There are 2 protein chains.
Amino acid sequence: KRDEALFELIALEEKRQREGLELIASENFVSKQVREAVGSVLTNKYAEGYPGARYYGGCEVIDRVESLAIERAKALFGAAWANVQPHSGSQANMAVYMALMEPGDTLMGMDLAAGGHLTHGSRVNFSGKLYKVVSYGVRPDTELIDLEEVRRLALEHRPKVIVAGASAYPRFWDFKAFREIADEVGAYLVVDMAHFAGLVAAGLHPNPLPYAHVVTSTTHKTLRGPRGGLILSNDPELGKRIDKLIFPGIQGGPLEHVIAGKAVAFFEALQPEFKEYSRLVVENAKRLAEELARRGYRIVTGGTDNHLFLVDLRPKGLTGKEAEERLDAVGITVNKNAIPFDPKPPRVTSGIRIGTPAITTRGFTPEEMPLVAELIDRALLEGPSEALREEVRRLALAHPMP
Amino acid sequence: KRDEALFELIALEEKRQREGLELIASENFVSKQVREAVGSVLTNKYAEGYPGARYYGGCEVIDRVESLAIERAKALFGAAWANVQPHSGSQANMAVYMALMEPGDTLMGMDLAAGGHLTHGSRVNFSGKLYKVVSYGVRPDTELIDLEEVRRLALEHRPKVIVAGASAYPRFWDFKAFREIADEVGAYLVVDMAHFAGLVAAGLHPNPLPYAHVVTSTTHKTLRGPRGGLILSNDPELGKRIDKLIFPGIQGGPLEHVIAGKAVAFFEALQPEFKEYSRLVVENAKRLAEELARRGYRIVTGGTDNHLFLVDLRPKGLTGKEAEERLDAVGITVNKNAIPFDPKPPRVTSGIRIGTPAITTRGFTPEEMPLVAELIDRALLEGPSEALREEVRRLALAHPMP
Ligand SMILES: *Cc1c(COP(=O)(O)O)cnc(C)c1O
Ligand SMILES: *Cc1c(COP(=O)(O)O)cnc(C)c1O
């Protein structure tokens with residue numbers, strides 16, 4: 001018997017995805033073939049260990065699949081070693097931290113409020129629970145990272161690991177500078193490129209591989225792959241240690257169906273078409289930010305170098321919470337985000353974060369950003385209305401999903 | 001462009017699965033609908049947080065999907081609370097340990113050599129790295145757990161957490177007694193039912209819910225669901241604490257497509273047909289163990305109460321590794337496994353573990369176990385040969401696949 005109650009919900013979710021504008025920066029829409037791989041029979045195989053060194057018989061084909069994912073990841077990112085088994089970006093970071101540190105050691109990462117991720121040191125996360133944490137943010141006068149301050153903090157706190165990368169930072173990273181700082185204090189530099197991995201793959205964002213000791217990432221987000229994690233490095237010896245932390249360290253059986261999906265995603269990203277997609281993602285973000293600025297909003301840092309940007313809602317007297325609600329009411333999904341030194345508490349905020357990967361995948365182009373900006377502005381100024389919700393629905397439907 | 005190379009590999013794995021006898025105790029074959037859910041568009045939604053308490057909007061449908069999985073898990077196992085977000089059985093255990101203990105606390109579990117899982121205290125696993133581990137085993141004469149011995153170990157070491165359940169123990173567990181022991185030292189009793197969860201759901205194995213403080217499990221294995229984890233408890237308040245450890249504690253975004261698959265698997269397990277399936281799983285295991293015993297193989301504990309059993313190959317002059325390889329050579333897949341008081345190192349072992357969940361799903365019946373036993377025996381005695389390989393292939397192909 002078919003589980004009709006569950007499948008009725010999946011149909012509803014498909015409809016929801018088709019009829020709204022997804023502007024959450026960490027979202028995207030995977031291809032039908034990525035889904036085909038993830039929904040494959042590869043889930044039936046227990047394959048603890050690594051290719052050619054498994055703890056179960058019958059892994060001959062799974063080994064070819066995982067090796068393919070590994071080799072493609074190395075070719076795509078110009079890496080010498082890769083681990084494609086992390087179940088998520090969080091597990092990728094967890095394995096790396098445990099391979100480079102012991103509980104009690106000091107971890108340095110970007111403050112959550114400044115754009116850092118929970119796994120970069122939050123007290124409610126394993127990162128802050130297992131390690132002592134020192135955080136860096138952005139300057140009040142520039143809204144950008146202050147390398148001089150990062151260096152000062154590193155020298156004073158002597159972290160064992162320094163993490164570069166974030167979930168809500170709209171500009172490029174100076175990986176060379178971070179590595180120089182790490183070397184000065186004898187710390188490992190870990191770059192978490194989860195958000196901008198697709199841009200790195202497309203050659204549209206500085207490549208952290210040569211500068212970081214280890215690079216972690218999600219396979220979803222700008223890379224547009226299945227939900228999961230990834231680890232890369234130019235140091236195979238260090239890679240061997242990290243492999244041991246993924247298994248038997250923190251995971252058991254890998255999700256080989258998802259690994260097959262990662263291989264497919266890497267195949268897609270290796271095609272010239274992915275660079276064109278990525279160029280449009282960045283152009284769309286830059287243009288949408290400009291169009292919103294022209295309509296009366298302020299953009300944190302004045303713009304963006306990547307796929308996302310932060311809108312300062314203060315010029316129009318709105319809070320991030322209010323903006324998120326009004327937009328949600330008309331079918332546009334964004335998320336509130338604190339602006340630098342936000343005068344409002346975290347549960348309220350004075351801004352919202354917008355990212356273009358998802359709508360770009362659905363066919364939105366730069367010349368359509370003025371319209372998107374207008375719809376966003378109308379929702380925030382007039383508030384929700386049936387007419388606006390339906391205009392958004394029609395626009396979304398006119399841009400079919402993969 | 002289609003990733004032909006990757007899909008050709010998936011086709012080869014489908015072929016491998018169709019033409020061999022998969023006897024790995026922890027494997028199974030998921031249904032087409034479980035695969036359909038896992039390969040759904042639900043992977044495109046970031047749902048950090050919990051139903052009705054998400055970080056981002058747009059989870060209206062996702063919440064109903066996760067909630068359906070939660071309520072079905074509760075109904076299936078008679079639990080007051082459930083967390084369906086763990087990415088794997090390992091993450092389920094990791095979250096529970098971190099919710100109940102602080103690094104350095106004493107963790108008591110079953111010795112790996114006696115049947116315990118690596119997450120029950122292995123020195124190279126997070127369990128043994130973060131906590132001080134003490135382990136209980138089985139009696140050398142009966143190869144069964146001695147509750148009095150377990151009680152003495154608990155009183156001596158005063159563990160904060162005692163884990164009952166294992167990945168390679170062929171007999172029933174006295175959960176009531178384990179709870180009494182935990183209570184004697186004020187420890188939390190955690191039951192890891194990953195291997196026998198399906199049997200518990202079918203009412204063919206003692207249910208740990210009333211006695212354990214917390215129950216962890218995989219959704220794959222005897223439960224025959226998608227690859228992932230699960231946590232249950234008879235105490236909703238303790239559940240609230242554990243929810244915080246899964247997120248924001250050790251994970252980020254949950255795999256909602258997999259959670260949809262969990263809902264489907266729970267639906268399937270709630271059907272009367274699942275009880276019949278589970279009955280056949282146990283009957284097949286008992287009969288296959290008997291058939292091998294009649295061929296001179298020594299079965300640990302002399303038989304089994306569940307879906308798996310261990311074969312001590314020392315008398316046959318074969319190591320577990322050699323046996324695993326010989327069988328794999330003719331399409332019969334198993335995994336080497338240590339035997340109680342095994343003299344050989346883990347990398348070699350003196351035995352193999354066999355389980356019937358997978359072949360039972362394909363339609364194998366107790367009356368066919370005499371033939372399976374013959375093929376296993378011949379593979380170990382005569383070694384690989386195209387002739388034997390073909391006989392295995394024929395028997396396998398005589399059974400359809402989910
Ligand atoms: C998204 C993200 C993660 C975590 O990934 P999950 O798959 O949600 O566990 C970690 N670090 C950064 C910088 C991220 O953007
Ligand atoms: C299978 C198993 C696990 C781990 O599950 P993974 O999904 O492989 O991480 C943990 N404990 C027990 C008893 C298991 O059988």
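Numbered from 1 within each chain, the chains take letters A, B, ... in sequence-line order. All values below were derived from every heavy atom in this structure, side-chain atoms included, with hydrogens, water molecules and symmetry-related copies excluded.
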Closer than 4.0 angstrom, basic N to acidic O: yes or no for B:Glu36 and A:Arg2?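 Here B:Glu36 pairs with A:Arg2 in a salt bridge, since their nearest N and O are under 4.0 Å apart.
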
Checking [X] against chain B: side chain, backbone, both or neither under 4.5 Å from a heavy atom?
X: A:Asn28; value: backbone
X: A:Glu256; value: neither
X: A:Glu60; value: side chain
X: A:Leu9; value: both
X: A:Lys15; value: neither
X: A:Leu255; value: both

Backbone N/O of B:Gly39 and side chain of A:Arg35: donor-acceptor pair under 3.5 Å: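 Yes, the answer is positive, given that a donor and an acceptor are paired below the 3.5 Å cut-off.
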
For [X], which atoms come within 4.5 Å of any heavy atom of chain A: side chain, backbone, both, or neither?
X: B:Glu22; answer: side chain
X: B:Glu14; answer: both
X: B:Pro254; answer: backbone
X: B:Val334; answer: backbone
X: B:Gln251; answer: both
X: B:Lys32; answer: neither

Write down the atom of [X], the atom of [Y], and the distance for their closest heavy-atom approach.
X: A:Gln91; Y: B:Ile250; value: OE1-O, 3.0 Å
X: A:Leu6; Y: B:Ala37; value: CD1-CB, 4.4 Å
X: A:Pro248; Y: B:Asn125; value: O-ND2, 2.8 Å
X: B:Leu42; Y: A:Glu13; value: CD1-CG, 3.7 Å
X: A:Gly57; Y: B:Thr333; value: C-CG2, 4.0 Å
X: B:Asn44; Y: A:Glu27; value: O-OE1, 3.2 Å

Under the 6.0 Å and 45° cation-pi test, does B:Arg353 pair with A:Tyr56?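 Ring-cation test returns no.
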
Can you confirm if the NZ or CZ of A:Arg227 lies within 45° of the ring axis of B:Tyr46 and under 6.0 Å from the centre of its six-membered ring?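 The answer is yes, since A:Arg227 meets both limits relative to B:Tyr46.
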
State, with a plain yes or no, whether a side-chain heavy atom of A:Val41 is found less than 4.5 Å away from one of B:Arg16.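 The answer is no; the side chains never approach within 4.5 Å.
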
Starting at CD of B:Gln271, measure out to CG of A:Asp3 and round the result to the nearest 0.5 Å.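 Going from the CD atom of B:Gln271 to the CG atom of A:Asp3 covers 8.5 Å.
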
